[PDB]
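Presented below, as structure tokens, is a lone chain in the form deposited in one PDB entry.
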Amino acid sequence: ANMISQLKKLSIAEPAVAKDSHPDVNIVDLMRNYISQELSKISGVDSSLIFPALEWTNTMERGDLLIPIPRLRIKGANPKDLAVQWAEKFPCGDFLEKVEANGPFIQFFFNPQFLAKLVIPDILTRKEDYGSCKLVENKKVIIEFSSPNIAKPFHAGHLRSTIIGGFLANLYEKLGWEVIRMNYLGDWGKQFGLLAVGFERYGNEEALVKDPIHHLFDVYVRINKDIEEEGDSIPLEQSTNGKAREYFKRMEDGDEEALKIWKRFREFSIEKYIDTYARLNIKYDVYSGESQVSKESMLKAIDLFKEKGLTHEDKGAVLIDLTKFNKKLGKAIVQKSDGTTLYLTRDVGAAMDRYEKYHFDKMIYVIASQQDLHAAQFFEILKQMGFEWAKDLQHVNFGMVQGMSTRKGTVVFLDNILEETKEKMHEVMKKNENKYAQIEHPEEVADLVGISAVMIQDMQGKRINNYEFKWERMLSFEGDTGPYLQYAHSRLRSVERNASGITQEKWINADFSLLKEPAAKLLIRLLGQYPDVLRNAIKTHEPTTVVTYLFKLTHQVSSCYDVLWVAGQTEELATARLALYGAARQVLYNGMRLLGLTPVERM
């Protein structure tokens, strides 16, 4: 309705549309349709095989898309030969600049001017929706992430889960899904009765509201030191552990104030978190939890366990031998001796709840790889319980952040304190580089840039890999860091030099043929790839791809600054260049937001 329309104007036939491709919002799909249809004619290979066979190129010097011929699986043919042959009689006509042969590979080069005519206009038009696409129709996904425990440490694990999840949610949306961002709070268990008993003994009602997360934490720490100083010959009823297990007796019974106090720990906590998450551009839809598991599903679950015959007691505890389904798993405990539920069981139940409540098409749990088996288990259990949707569950894991524990006394503890230390460290960091700051709101910018630093550093490599939290390296404006993207966005933004509504309009009509410099052709190539980048990332749930793409973008824009000057040029030239810079800035903006960043715009 925009790129295909442009095609009409330019009077160019649209190649056959492969099923599920989206040439309207992804010029690389358009290009894929053209190549498959035309390469299909030369060879005896149906385009349904070529389309998926087209791959990205390691470097832009090897083309835009290529095909390892052997992957086409053509009987008795010499790939080296075919490549040379096809690259010869292959029709570039209006779409490609050239087609080349490199061993058993054939490489395709898009027409830079063709791209410009469609890509720049499309970016400037759809703006913030540029990378968007509807590769999905009426599909709902639940993405559970961060999920800290109340009164307990919000460690690096939670942080990491928080960052990946926030991004996965944004990604899933720009790709057409309906997203339910859920935060499965750790807010139940004997530990809360203890907490309740502790708030009584050392708690302050005013401190609870001023700072629920910190106060409750400090309260928990204190009530524990009592549990230790006791334990011996102390009436195991007037003891702390006693009143804890007793005060917890509110799961069987109701109100008894036993809940009024707890429901406030939870709600006041959630109210604080909401502001904190806002700094990471995350707004949860549902603040669920282990406590929020329906009594119905919990019982229905324990029930179905036997109805299917998976249970088998041992030492007085109920277990499920997943061995026969996957030796890698094991005899998972679902109910211990004292006839009480476990962490694994609350997850089995919570799933059951979430399904009947949302009837999701897919559910994603962003949990550390430390809990791999945990997930793998209640996934295999939900399966044997019959529930079909179990196949629609997925565990997106990740390695651990190391050396982050800045708290000189222990592990990082409170999320907001993290943001704060980052901001502080980035503030004095900004102070040391007189060349970058002249801003009016240092503090504010510091927070945004600081958070940018944390996010980028965390998403640079694969999720599964352990990475070192390096204050020095991450806050710097040097290498491929968060601050680097921010300052780049800022420079690009300034280059647009106030783009009136009517101005961005003349950009759309600029004479792109004036963008003949190679440095420009490379950026244009690059800009057309954003939609494909997102498409690939949801396929892997790896933000690296995006982060790597955004740095290639800023670096190319950097190369362009040296040659594609705007000031002092004729109007026609300046307009064609600014159109490019603007489209470039738009993509950069989009990509950063997707990752969870807040592009610094107002200095």
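Throughout, we count residues from 1 along the sequence that is shown. Whichever C-alpha set is largest while still superposing within 1.5 Å between the two forms counts as the rigid core.
Missing here is the form deposited in another entry; even so, the following discussion is about that form.
**Q** Which residue, 224, 291, 311, 394, is displaced 2 Å or more at the Cα between the shown form and the other one after superposing the core?
**A** By this measure, the answer is 224.
**Q** Core superposed first: is there a CA shift of 2 Å or greater at residue 166 between the shown form and the other one?
**A** For residue 166, whose C-alpha is compared between the shown form and the other one after core superposition, the shift is less than 2 Å.
**Q** Spell out whether the Cα of residue 463 moves at least 2 Å between the shown form and the other one when the two forms are superposed on their rigid core.
**A** No, its C-alpha moves less than 2 Å.
**Q** Superposing on the rigid core, is the CA of residue 192 displaced by 2 Å or more between the shown form and the other one?
**A** Comparing the forms between the shown form and the other one, which are aligned on their rigid core, residue 192 does shift its C-alpha by 2 Å or more.
**Q** Regarding residue 175 and residue 19, go with closer or farther for their CA spacing in the other entry versus this form, the difference being 3 Å or more.
**A** It is closer: the C-alpha separation of residue 175 and residue 19 falls by at least 3 Å in the other entry.
**Q** Quick one: with a 3 Å or larger change, is the residue 175 to residue 8 CA distance smaller or larger in the other entry? Answer closer or farther.
**A** Compared with the shown chain, residue 175-residue 8 is closer in the other entry.
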